[PDB]
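Colleague: I have a structure I would like to understand better, so I am pasting it below and will then ask my questions one at a time.
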Amino acid sequence: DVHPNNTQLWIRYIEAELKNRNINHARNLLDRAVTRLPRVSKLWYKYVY
Amino acid sequence: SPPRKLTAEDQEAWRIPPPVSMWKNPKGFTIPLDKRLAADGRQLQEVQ
Amino acid sequence: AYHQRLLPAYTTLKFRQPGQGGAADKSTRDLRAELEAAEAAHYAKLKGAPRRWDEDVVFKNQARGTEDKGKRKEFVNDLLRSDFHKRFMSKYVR
Amino acid sequence: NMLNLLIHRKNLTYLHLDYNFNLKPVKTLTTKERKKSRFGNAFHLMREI
Amino acid sequence: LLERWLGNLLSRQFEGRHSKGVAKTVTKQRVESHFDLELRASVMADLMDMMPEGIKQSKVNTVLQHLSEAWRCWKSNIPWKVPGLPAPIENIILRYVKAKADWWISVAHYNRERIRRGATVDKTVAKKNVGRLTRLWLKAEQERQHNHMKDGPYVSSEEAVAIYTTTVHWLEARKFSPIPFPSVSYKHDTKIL
RNA sequence: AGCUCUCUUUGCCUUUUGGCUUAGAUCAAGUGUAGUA
RNA sequence: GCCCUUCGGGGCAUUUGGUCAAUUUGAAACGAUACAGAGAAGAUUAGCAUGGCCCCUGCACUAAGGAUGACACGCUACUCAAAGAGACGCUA
RNA sequence: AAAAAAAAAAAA
């Protein structure tokens, strides 16, 4: 809410969701991240990886 | 739009040097005297 | 709700009465014609179209070329070099 | 009674309002007590009226 | 008046103080501070609009420190030139330093005119104005000395020879004896001392 | 060729000087001895 | 109670009140006392701002004060690699 | 032809 378009915060929150084996939460998070920032290739690359 | 392609030339062209203040040291740093006189333009004066 | 503490003041708005212009619209071609007519009138007004005692003195004619100040007023966009600042500093620092 | 109630609600009970509307400290005031007890022009104007 | 005042008093007594959130006006004691705020924001805004998309935009307050350094160099008549600084950033800094200089000189002129008129009884304002015109006069004096170094002696050689010759002929016509060096055997050294 | 070990190199900024005004303004200091045993 | 009456009957007037009086157990605030002691890289200090789940005094929620009112001084891996050798050894 | 508060005296 304070930093909507920060790619680093999105990456760390998807990573923190993934390292606790919350797969569906993190996939929803990656959908939100590629919806908000469709022109950041880092988020798309992480999502396909 | 898709991001503009940045060369290393641009990344070095927009490098800002650190301010060598010859009035203020708010953190009490012992700056070398070499750096203290770099921004002083009196060394770039033609005595003609 | 709101949090303001204005006392009432100037509680009626003034409107442009007849003769004050404003809420009366013309075509922009008419505005161009009026602008060019007024500009042409102002430019035409600018163009006008409708023993000798002083013999032993060492230095002579040293004041020639002094009255030539004021041929045209030159605004200089450097405050420390303008005529206003030089007059200020010559007046106040002696 | 209104001035006395306003004084007592603000817990300034070291100020005494006598019946001729004089406000005097009953003791010696500290700096914090002097800063808390400093009334304004509305209270004092109403008191003098 | 008194009923509005007592209503405000009872409002602070029974629903509290709205201390935070209101816009304070820019009174005299705030003017310079307000100026600094606005100027910094303007400079900062220009920086965010000159950064190319992809540059590391964290250390950009470094430019605000460079702006402070450039203003300090302007006040001391020291030529400010940072080697390796990018040209658009240097242009932004020079542009806003000249705007601050224009404001500073205008305020100095206004305060001097108030002091001459007798319209000011503040002492710190007067001492500030004396300092500002001291700096302005020293900048003008440095420029005058540098101009005399560049443009040569303004007295022409013919003018100086004429002045010297007139002095020689006058002092010869007056039978003037040149003043000697103070001798060791001078009998008036003690009283002059 | 790849994987690992140590070292070097490149990239690396990783915490890598919150403002303003009359450089905000000013600013020496006790003492310090011992003819004769 | 009164009024009207063709003594059959009818009329006028119509629902108050967020209150137990009852102070330990439905919520006040200190001071004294002890203690600590006023910011800017030597010492001494005038200040003006900035941010808000910090306020106080004030009519000022478009003054001015409260030590420049206080507070801030912390903490610090993560958008994150590539090389060219040599090498206990791996391995083709 | 006759004008009379604050800065500023500091957080168990």
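FYI, nothing fancy with the structure tokens labels: chains A, B, ... in order, residues from 1 per chain, ligands from 1 as they appear.
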Please report, as a tab-separated table, each residue of chain G lying at most 12 Å from chain A, together with the nearest pair of atoms and the separation in Å rounded to one decimal; use only C-alpha atoms (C1' of nucleotides), and order rows by chain and ascending residue number.
Modeller:
```
residue	atom	partner	partner_atom	distance
G:78	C1'	A:12	CA	8.0
G:79	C1'	A:8	CA	5.7
G:80	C1'	A:8	CA	11.9
```
Colleague: For chain E against chain F, with a cut-off of 7 Å and counting only C-alpha atoms (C1' of nucleotides), what is the closest atom pair and its distance in Å to one decimal for every residue that makes the cut, ordered by chain and number, as CSV?
Modeller:
```
residue,atom,partner,partner_atom,distance
E:33,CA,F:20,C1',5.4
E:36,CA,F:20,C1',6.4
E:127,CA,F:22,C1',5.9
E:128,CA,F:22,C1',4.3
E:131,CA,F:22,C1',5.7
```
Colleague: Could you list the residues in chain E lying within 7 Å of chain B, using only C-alpha atoms, and format the result as a ChimeraX atom specification?
Modeller: /E:53,55,62,65-66,69,78-86
Colleague: Using only C-alpha atoms and a cut-off of 10 Å, which residues of chain A sit close to chain B? Please list them as a short mmCIF file (atom, residue, chain, number, x, y, z; two decimals) with N, CA, C and O atoms, in the first residue's frame.
Modeller:
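Below you can see out09.cif, which holds the result:
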```
data_model
loop_
_atom_site.label_atom_id
_atom_site.label_comp_id
_atom_site.auth_asym_id
_atom_site.auth_seq_id
_atom_site.Cartn_x
_atom_site.Cartn_y
_atom_site.Cartn_z
N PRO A 38 3.25 -5.07 -15.79
CA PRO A 38 3.43 -5.98 -16.93
C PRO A 38 4.67 -5.71 -17.75
O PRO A 38 5.01 -6.54 -18.60
N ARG A 39 5.35 -4.59 -17.54
CA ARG A 39 6.52 -4.23 -18.33
C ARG A 39 7.83 -4.45 -17.57
O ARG A 39 8.89 -4.05 -18.06
N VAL A 40 7.77 -5.05 -16.39
CA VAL A 40 8.96 -5.47 -15.66
C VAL A 40 9.20 -6.93 -15.99
O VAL A 40 8.46 -7.81 -15.53
N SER A 41 10.23 -7.20 -16.80
CA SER A 41 10.51 -8.57 -17.23
C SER A 41 11.04 -9.44 -16.10
O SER A 41 11.01 -10.67 -16.23
#
```
Colleague: Pull out every residue of chain B sitting within 7 Å of chain F, counting only C-alpha atoms (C1' of nucleotides), and send them as a ChimeraX atom specification.
Modeller: /B:25-27
Colleague: May I have the residues within 9 Å of residue 22 (chain D) as a PyMOL selection string, using only C-alpha atoms (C1' of nucleotides) and disregarding those fewer than 5 positions away in the same chain?
Modeller: chain D and resi 16-17+47-48
Colleague: Find the residues around region 3-10 of chain H up to 8 Å (only C-alpha atoms (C1' of nucleotides) counted), leave out those fewer than 6 positions away in its own chain, and share them as a list in words.
Modeller: residues 38, 64, 65 and 67 of chain G
Colleague: Rounded to one decimal in Å, what is the spacing between CA of residue 14 (chain D) and CA of residue 26 (chain D)?
Modeller: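 These two atoms are separated by 5.5 Å.
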Colleague: Applying 12 Å and only C-alpha atoms (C1' of nucleotides), which residues near residue 35 (chain A) remain after dropping the ones on its own chain fewer than 6 positions away? List them as a PyMOL selection string.
Modeller: chain A and resi 4-5+10+28-29+43-44+47
